[PDB]
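Structural overview
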Amino acid sequence: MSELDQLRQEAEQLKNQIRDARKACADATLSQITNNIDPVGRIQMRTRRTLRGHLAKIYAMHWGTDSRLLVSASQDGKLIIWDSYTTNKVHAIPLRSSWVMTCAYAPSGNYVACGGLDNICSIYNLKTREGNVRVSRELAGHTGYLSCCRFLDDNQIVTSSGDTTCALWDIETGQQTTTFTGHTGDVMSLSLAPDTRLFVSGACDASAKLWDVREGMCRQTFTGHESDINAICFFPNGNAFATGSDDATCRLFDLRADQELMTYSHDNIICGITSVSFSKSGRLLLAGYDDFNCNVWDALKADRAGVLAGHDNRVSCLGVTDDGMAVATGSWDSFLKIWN
Amino acid sequence: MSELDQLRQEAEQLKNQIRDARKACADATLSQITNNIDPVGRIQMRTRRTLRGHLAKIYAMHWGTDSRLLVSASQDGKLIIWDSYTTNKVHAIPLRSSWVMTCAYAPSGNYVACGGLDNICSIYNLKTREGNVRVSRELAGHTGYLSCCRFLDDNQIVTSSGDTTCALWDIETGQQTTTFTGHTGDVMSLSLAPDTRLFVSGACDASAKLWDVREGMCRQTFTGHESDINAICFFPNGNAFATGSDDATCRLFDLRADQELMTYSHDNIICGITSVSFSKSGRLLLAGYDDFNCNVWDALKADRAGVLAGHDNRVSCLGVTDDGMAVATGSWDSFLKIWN
Amino acid sequence: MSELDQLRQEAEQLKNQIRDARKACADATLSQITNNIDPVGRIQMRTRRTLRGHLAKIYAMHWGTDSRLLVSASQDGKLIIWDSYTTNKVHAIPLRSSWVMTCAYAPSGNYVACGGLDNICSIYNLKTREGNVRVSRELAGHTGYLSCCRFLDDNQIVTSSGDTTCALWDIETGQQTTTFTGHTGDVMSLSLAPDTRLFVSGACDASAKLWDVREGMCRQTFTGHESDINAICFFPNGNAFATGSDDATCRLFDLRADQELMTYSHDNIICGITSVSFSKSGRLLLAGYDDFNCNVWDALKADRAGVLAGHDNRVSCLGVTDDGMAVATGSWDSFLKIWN
Amino acid sequence: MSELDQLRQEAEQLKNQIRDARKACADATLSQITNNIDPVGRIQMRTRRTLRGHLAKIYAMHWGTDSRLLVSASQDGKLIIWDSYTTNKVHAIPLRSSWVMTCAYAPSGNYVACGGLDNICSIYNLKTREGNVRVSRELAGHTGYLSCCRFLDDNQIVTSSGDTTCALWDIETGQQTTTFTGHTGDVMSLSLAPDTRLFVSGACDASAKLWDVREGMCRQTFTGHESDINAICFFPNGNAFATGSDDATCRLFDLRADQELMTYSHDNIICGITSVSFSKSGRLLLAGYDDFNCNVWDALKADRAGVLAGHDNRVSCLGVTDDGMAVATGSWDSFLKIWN
Amino acid sequence: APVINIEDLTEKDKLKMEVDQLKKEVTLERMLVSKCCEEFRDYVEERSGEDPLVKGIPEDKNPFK
Amino acid sequence: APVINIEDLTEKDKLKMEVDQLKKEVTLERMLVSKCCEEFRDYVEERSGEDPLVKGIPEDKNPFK
Amino acid sequence: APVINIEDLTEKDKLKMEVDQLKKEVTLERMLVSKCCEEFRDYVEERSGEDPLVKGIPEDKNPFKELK
Amino acid sequence: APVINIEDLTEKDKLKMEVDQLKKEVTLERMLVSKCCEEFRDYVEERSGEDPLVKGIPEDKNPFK
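Residues numbered from 1 in each chain as written, not as in the entry; some residues may be left out. Chains lettered and ligands numbered in written order. Heavy atoms only, no water. Residues with missing side-chain atoms left out of burial classes, pairs and counts.

Per the secondary structure count, chain G includes three helices and zero strands. Start at the N end of chain G and walk to the C end: the helices and strands fall as α-α-α. The C-alpha radius of gyration computed for chain G amounts to 24 Å, which surpasses the reference 11 Å derived for 68 residues by more than 25%, pointing to a less compact arrangement than a globule. Counting only C-alpha atoms and orienting by the principal axes, one finds that chain G spans roughly 65 × 35 × 15 Å. (Helix = DSSP H or I, 4+ residues; strand = E, 2+ residues; numbered from the N terminus. Rg over C-alpha atoms; globule rule 2.2 N^0.38 Å.)

To continue, consider the arrangement of the chains. A minimum C-alpha distance of 18 Å separates chain E and chain F, which share no contact. Separating chain E from chain H is a minimum C-alpha gap of 14 Å, and the two share no contact. (Contact = heavy atoms within 4.5 Å.)

The subject of this paragraph is the packing of aromatic side chains. Residue and element names in this part refer to chain C. The full count for this structure, using the stated rule, is 54 aromatic pairs over all chains. Where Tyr59 meets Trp332, the ring centres are 5.7 Å apart and the plane angle is 25°; that geometry is what we call stacked. Highlighted residues: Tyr59 in strand β2 (residues 58-63) and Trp332 in the loop between β27 (327-331) and β28 (336-339), separated in sequence by 273 residues. Taken as a pair, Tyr59 and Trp332 share a single burial class, namely buried. Taking 6.4 Å as the distance between ring centres and 45° as the angle between the ring planes, the aromatic pair formed by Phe234 and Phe241 counts as tilted. When sorted by exposure, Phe234 lands in the same class as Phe241, which is buried. (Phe/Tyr/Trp six-rings, centres within 6.5 Å; stacked < 30°, edge-to-face > 60°. Buried < 20%, exposed > 50% of the residue type's maximum accessible area, 1.4 Å probe, protein only.)

With that settled, consider the interface of chain B and chain E. The figure often quoted for interface size is the accessible area lost as the parts come together. Across the contact, 70 residues belong to chain B and 43 residues belong to chain E. If you list the elements that add at least two residues to the side of chain B that touches chain E, you get α1 (4-23), α2 (30-33), β1 (47-52), β13 (175-180), β17 (217-222), β20 (250-254), β21 (259-264) and β28 (335-339) of chain B. Taken together, the residues of the side of chain B that touches chain E sort by class into 33 nonpolar, 20 polar and 17 charged. (Nonpolar A, V, L, I, M, F, W, Y, C, P; charged D, E, K, R; others polar.)

Counted according to the given criterion, the structure contains 100 salt bridges over all chains. Between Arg314 of chain B and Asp290 of chain B there is a salt bridge whose closest N-O contact spans 3.4 Å. Taken together, the positions of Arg314 of chain B in the loop between β25 (303-309) and β26 (315-320) and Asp290 of chain B in the loop between β23 (284-289) and β24 (293-298) put the pair 24 residues apart, joining distant regions of the chain. We note that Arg314 of chain B, like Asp290 of chain B, is buried. Among the ionic pairs, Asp42 of chain E bridges to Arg41 of chain E, the shortest N-O distance being 3.0 Å. For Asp42 of chain E, a relative accessible area of 34% corresponds to the partly exposed category. Connected through shared salt-bridge partners, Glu226, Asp247, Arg251 and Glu260 of chain C together with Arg19 and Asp20 of chain D make up one network. (Salt bridge = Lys/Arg side-chain N within 4 Å of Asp/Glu carboxyl O.)

This paragraph deals with the interface of chain F and chain C. With 41 residues of chain F in contact, the opposing surface of chain C contributes 67 residues. Of all the elements in the fold, those that place two or more residues in the side of chain F that touches chain C are α1 (11-25), α2 (33-48) and α3 (52-55) of chain F. It is α2 of chain F that provides the largest number of residues to the side of chain F that touches chain C, a total of 13 residues. Among the residues forming the side of chain F that touches chain C, the class breakdown is 21 nonpolar, five polar and 15 charged.

Moving on, we come to the sheet that holds strand β21 (residues 259-264) of chain C. Ordered by their spatial adjacency, four strands build an open sheet running β18-β19-β20-β21 (chain C), and the pairing between neighbours is antiparallel. The two strands at the open ends of the sheet, each matched to only one other strand, are β18 (229-234) and β21 of chain C. Recorded for the sheet is a direction-independent mean angle of 25° between the axes of neighbouring strands. Taken strand by strand, α2 of chain F contacts β19 (240-245), β20 (250-254) and β21 of chain C, and its axis lies near 60° from that of β21 of chain C. (Pairing = 2+ DSSP bridges. Axes fitted to C-alpha atoms, helices over the stretch in contact; angles between N-to-C directions.)

On the surface, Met1 of chain A together with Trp99 and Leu117 of chain B cluster together into a nonpolar patch covering about 300 Å² of accessible area. With respect to the helices and strands, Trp99 of chain B occurs in the loop between β5 (89-94) and β6 (100-105). Among the residues examined, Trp99 of chain B registers a relative accessible area of 42% and is labelled partly exposed. (Patch = residues over 30% accessible without salt bridge, like charges linked within 9 Å, V, L, I, M, F, W, Y side chains within 5 Å. Areas by Shrake-Rupley, 256 points an atom, 1.4 Å probe, with all protein chains shown as cover.)

Relative to the 21 Å expected for 15 residues at 1.5 Å per residue, helix α1 (residues 11-25) of chain H spans 21 Å between its end C-alpha atoms, a close match to the ideal helical length. Here α1 of chain H has its buried residues at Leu15, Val19, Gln21, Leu22 and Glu25 of chain H. What you see down the axis of α1 of chain H is that its buried residues fit within an arc of 165°, all on one side. Those residues of α1 of chain H that are buried are in contact with α1 (6-25) and β17 (217-222) of chain D. (Expected span 1.5 Å × (residues − 1). Arc of directions from axis to C-beta.)

This part covers the environment of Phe40 of chain E. If you trace the backbone, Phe40 of chain E turns up in helix α2 (residues 33-45). Between the alpha carbons of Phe40 of chain E and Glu29 of chain E there is a distance of 18 Å; along the sequence they are 11 residues apart. Apart from the residues within four sequence positions on either side, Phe40 of chain E is in contact with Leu30, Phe235, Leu252, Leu261, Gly282, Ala299 and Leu300 of chain B.

Residues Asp27 of chain A, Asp27 of chain C, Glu38 of chain F together with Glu38 of chain G make up a contiguous surface patch of negative charge. As for its placement among the helices and strands, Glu38 of chain F is situated in helix α2. Using a relative accessible area of 33% as the deciding quantity, one classes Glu38 of chain F as partly exposed. (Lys, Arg positive; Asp, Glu negative; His and termini not counted. Charge placed at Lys NZ, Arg CZ, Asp CG, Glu CD.)

Next up on the list: the sheet that holds strand β1 (residues 47-51) of chain A. All names here are of chain A. Read across the sheet, four strands follow the order β1-β28-β27-β26 without closing on themselves; strand pairing throughout is antiparallel. Taken across any chain shown, the strands that pair with only one partner, and hence form the sheet edges, are β1 and β26 (315-320). Each adjacent strand pair in this sheet contributes to an overall mean axis angle of 20°, direction not counted. Examined bridge by bridge, β1 and strand β28 (residues 336-339) share four bridges and lie antiparallel to one another. Within β28, the residue paired with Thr50 across the bridge is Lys337.

Everything listed here is a matter of coordinates, which is why it stays silent on function.
Here it is as structure tokens:
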């Protein structure tokens with residue numbers, strides 16, 4: 001009965017149609033194509049520095065485009081910016097809220113941002129304001145926690161939120177220029193494309209969606225993970241992206257293929273993935289795990305090339321420098337560790 | 001503190017372990033092991049009867065254990081008992097609600113049950129009533145539509161509801177003896193094991209669950225479907241069951257394996273499945289589709305051995321007689337047809 | 001010594017290259033591509049005729065253009081032209097040799113041919129010389145038995161021989177117009193492409209070769225089998241062909257693919273195949289087996305759709321009428337049987 | 001006898017059954033069983049010693065049980081016993097025939113042996129006889145070239161020959177104790193089981209055969225290779241063995257499985273393998289190729305863990321020391337190199 | 001045996017019950033699907049012949065004729 | 001030779017001739033088996049329905065009996 | 001919804017919007033995975049050369065070295 | 001067996017031996033390749049840690065140094 005079940009019929013049929021369409025294209029896996037390629041062997045990275053300071057669980061981090069100044073936050077409401085090379089607080093910004101779920105670094109390095117259960121994204125000018133460094137803009141709009149945010153530029157930032165929506169903001173007016181709706185679950189993260197004209201988000205509805213920044217719409221939705229996507233990371237060439245998820249698997253997705261190219265997981269790895277990032281060449285896919293450890297995967301051969309062990313608690317974040325020189329890991333253990 | 005954090009994480013890891021444990025046992029599909037079995041030979045059933053009466057859509061039907069009498073439910077608010085052999089309407093019961101979703105014939109032939117958007121499972125006394133057939137009991141308790149119901153005997157009946165639960169009722173007292181909770185979406189169908197010691201339910205959460213009738217708890221939960229399960233039926237030996245879904249596929253699940261043995265679909269069949277049922281031996285798996293047809297699958301070979309084409313609208317229900325001599329199809333076109 | 005090494009190693013590398021090139025193109029089998037196709041089911045043909053007349057093992061047979069008249073040859077040194085319809089022996093040609101291995105019927109119906117261990121292919125005029133059917137030509141030149149022969153027309157015939165070669169003969173002159181060399185074993189059978197531009201041969205070297213009749217050269221050699229190819233039959237459209245072998249499997253090869261599309265066998269069939277034939281549409285692939293039976297395979301599904309059981313001995317030959325209305329099976333039990 | 005030899009068809013039929021029996025047990029491959037296993041880290045072995053002395057192509061080499069002394073054989077008519085630690089050749093035995101093909105080192109270290117196109121396996125005493133190291137015995141019996149030889153003890157040696165057989169000899173009496181016939185092609189190599197109770201031979205007939213020394217019978221014959229098995233090597237535990245072939249692949253066979261566990265090859269590797277050996281644990285399977293390279297395979301992952309590149313011509317042979325400390329490679333470039 | 005009102009459960013209550021179930025299921029002794037497939041096949045095979053819908057029904061014995 | 005030919009060549013001649021054939025075959029442009037299979041399917045499908053052996057023959061129309 | 005419609009839909013208006021999205025997606029020209037895998041493999045191949053984290057880097061050049 | 005000369009074997013001799021060897025191998029109790037792979041994996045796994053060529057040989061314990 002009702003017109004409702006007719007629309008229901010149509011949607012299901014389109015969904016199966018799409019499943020069949022993708023099935024026709026899944027003609028091989030990446031590993032099968034890379035059979036001739038020799039493995040990197042065994043990656044063995046050692047911790048160079050350990051950024052101490054946070055008196056509580058670190059929930060995020062982000063390198064500056066200079067590949068040296070990185071920002072980080074923790075449950076003790078402290079948005080700290082450090083000098084990785086020397087190991088010292090270049091900034092220690094106390095936030096009115098301790099529950100910080102994300103933090104961003106301006107590509108210009110002139111500002112940063114952060115938010116969480118406060119459902120706001122606060123920008124912080126770290127340069128154009130001498131000495132007293134404080135929130136020069138608070139972005140209000142989301143009706144749910146801020147899960148992840150990424151700077152497009154000084155006056156533009158896109159954020160994801162538990163309110164089930166992502167949003168593009170104009171920092172000057174504080175107005176949400178564009179809204180991105182499509183996910184039926186609390187969004188957890190986003191990752192901009194190399195051009196930034198497009199971006200991809202991972203939501204709790206176990207799907208990642210590609211959105212056109214200018215149009216403010218959904219280009220395509222990706223399925224595969226049988227659980228929520230905690231992390232997402234665009235591939236250097238902008239044609240693919242990786243995802244981290246609670247089903248304990250990392251997956252590689254290709255925008256032109258509209259489906260995954262590979263899955264990375266071992267039957268004895270059952271803890272969820274928190275963070276995910278590629279090496280400079282994209283040869284390695286690093287993922288942070290709840291087991292306090294981070295595994296480095298050979299993206300090409302799907303082998304687990306290494307593992308960065310060193311955190312007393314869950315690895316919550318990890319980032320790779322713009323110069324591919326190093327990787328940093330943030331953990332619930334309150335410490336940060338650089339590996340090179 | 002963590003509390004919910006650790007709980008929802010604990011849940012995810014357990015799901016991963018089960019998945020991994022299942023893959024460890026996945027080592028063949030049914031069609032592969034049946035390589036040497038001869039194909040059945042084109043199944044060409046003809047319409048033997050066309051039961052005309054319901055001037056509105058038929059939503060459900062159940063065969064009486066005598067393989068002659070059967071009951072059908074229609075949106076015209078009439079529960080009709082038919083003598084398939086003669087085509088005579090033995091009973092035409094007017095209902096308090098036109099939105100019947102289910103009907104059931106008690107093994108004894110003494111009562112029939114039904115319910116729908118009224119969230120009520122009404123039981124009707126056919127025999128004993130010295131004259132007119134009157135309602136004996138109205139079982140109330142579910143806070144959602146009654147999706148399906150099956151008697152165990154005259155004093156016992158199991159129901160499924162859009163309210164996410166299933167329930168065992170003592171009809172004498174009109175009370176639920178046991179509630180079966182676990183699904184996270186509307187329950188759409190249920191099927192009792194040949195010995196009535198267990199029953200299986202399929203729901204909108206895309207999973208099927210095996211419940212212990214006496215213990216009152218879920219033994220197992222099977223997954224694999226990509227959309228809600230609209231139909232479910234126990235296999236003759238009690239160690240397996242088939243499901244019908246909006247994902248356009250039927251699946252055979254084995255209790256000992258705890259996973260499916262086979263899927264039945266064609267990449268060009270994209271419509272939903274409303275009903276599913278086995279032939280007496282279990283060789284054929286008949287399923288009704290939203291495309292107006294019923295497809296008869298070779299359970300062993302996973303091929304379509306025949307098609308029942310005669311309805312000018314969606315096939316909503318079907319059933320095979322206990323003597324394995326006939327199959328009845330109910331449809332939105334107002335008719336019921338018997339084939340063999 | 002000389003460069004014998006560089007030659008054998010070169011042959012190997014080339015072989016390795018061909019196997020790899022073929023491997024990369026082997027992206028599926030017919031059975032998978034035929035997912036959406038319904039099986040023909042269980043085929044049940046009945047013996048319509050039992051042509052009795054030979055007092056010795058039949059070795060070959062060939063239907064004529066009219067799908068009524070067919071010729072047969074047996075170890076008693078006799079060529080019998082039967083009128084299948086009436087069961088009348090139209091001819092009973094005495095043969096200079098008893099060990100006949102093959103026979104063919106000219107498309108015009110004016111001649112028949114045969115040969116065997118005599119290493120001679122004898123042409124017998126039937127029509128133009130009303131009265132006693134006498135051998136009009138004895139093609140000599142092969143240094144081994146005539147395993148098979150097939151008329152392109154009244155003045156041209158191709159032959160396969162244990163001498164490892166095949167030849168195209170100008171009947172009138174009795175000369176070998178062209179010699180096809182290449183096999184490294186006894187060529188067991190041949191089949192001419194519908195257009196006659198090419199023909200194929202199966203040999204004891206476990207390979208099949210495609211030859212261009214006019215240029216006298218080998219175009220391709222197909223492998224896969226692990227035993228002698230006793231039978232070979234072109235598919236209706238000239239792009240594919242089937243093989244019967246002692247490895248107990250029938251195979252379908254495609255010219256463009258340069259490899260097989262499908263193998264037909266069951267782990268419980270271990271005896272050799274003597275003959276192979278396609279039904280008119282090519283949907284059925286019928287093959288004679290050493291176990292006295294004929295298995296008819298669903299060419300598209302690879303189902304063993306039927307069995308032609310009736311001979312008390314090895315089914316040595318078989319053929320389907322041009323009108324595809326019936327199939328003939330020759331056996332060592334001296335009988336011929338028409339089925340449909 | 002007569003027409004169809006019961007034997008020739010019985011051979012095929014039995015081969016078919018064996019094939020079916022093996023396919024039934026071929027559920028997976030090794031690489032699938034070792035997914036959790038992490039890669040071995042790129043092997044980058046280096047030349048520690050370059051044994052200089054030969055003026056022509058080296059054809060064989062064999063480490064002595066002391067994992068220090070070793071012997072090599074070259075087409076210039078020279079058998080050199082070197083010291084791998086000091087690069088000092090302890091002996092330089094001139095040979096009658098220049099076309100040597102094999103050489104063995106007695107476990108005891110008292111003797112060495114060699115043979116080739118002269119179809120003789122000459123034994124040499126280079127211990128208990130101080131002075132002119134002379135041939136102790138010349139084993140004559142093979143009607144074909146000696147392809148390989150290995151001492152069981154001082155009085156027993158097993159040889160393989162191009163004449164299709166292998167044989168056990170009593171060096172004292174110079175007589176053949178047992179002959180091992182079965183191969184239908186030139187035997188190319190052999191390998192003694194750890195306990196010397198069995199040995200395995202690889203031949204041009206593309207099969208490997210396990211023979212029981214005492215009983216002097218062939219217990220199993222492994223197939224799979226597409227051409228000549230030029231090399232063969234027992235695995236440390238004696239339940240498996242590897243083979244090298246002209247089909248460009250090395251294979252691991254398990255005796256209980258009666259078939260291969262894994263194949264090692266890359267579609268861009270088309271040349272032949274000349275030798276094959278395992279590391280002390282069995283983790284690595286080293287193979288010498290005709291392309292002048294030696295690939296070190298990860299036996300478990302089937303990945304190429306490394307590549308020993310150091311010869312200006314075909315690596316004709318290689319061997320890993322008994323103590324797993326080093327590996328030597330012989331080549332047509334006159335040089336021998338020790339790596340680790 | 002027990003009867004429960006889903007309204008008497010909180011989000012926390014549901015979660016706890018969820019992982020309790022998962023914990024029970026993880027200890028499930030799963031059979032090889034190949035073996036389950038063979039047993040399924042054998043069961044069906046012992047009855048395929050006597051199945052009016054498979055084998056067919058003689059007109060004189062078809063109650064729906 | 002003239003028309004016919006008797007293979008009485010040397011081992012070096014046979015191998016030579018062999019790599020010569022292999023060198024021809026190696027240059028072959030192969031169609032994907034998937035495309036070949038689909039074409040084979042479409043060919044048969046538009047003809048099987050009326051194939052006398054697939055569909056059977058009505059008593060009266062059978063040229064045999 | 002989009003910027004021009006923050007949030008204003010019914011439990012059925014969404015079904016319509018969902019199928020519209022699906023109608024567009026169903027026609028996405030999709031590339032074969034192997035094709036995408038080769039281009040991916042390739043991109044990474046002419047790149048893995050200077051990947052610091054893969055080939056390592058000498059202490060003296062390592063930005064996160066000692067003090068000298 | 002004993003010591004036999006190939007020249008002394010005729011066509012029939014060999015074929016008969018082939019069939020007789022084939023008759024014995026057909027009766028072999030073949031283990032599942034999975035099981036063999038497991039046992040193999042376990043064996044290698046319990047030893048590769050001390051494999052000089054795998055783990056590496058220290059520049060003080062290398063005899064070829």
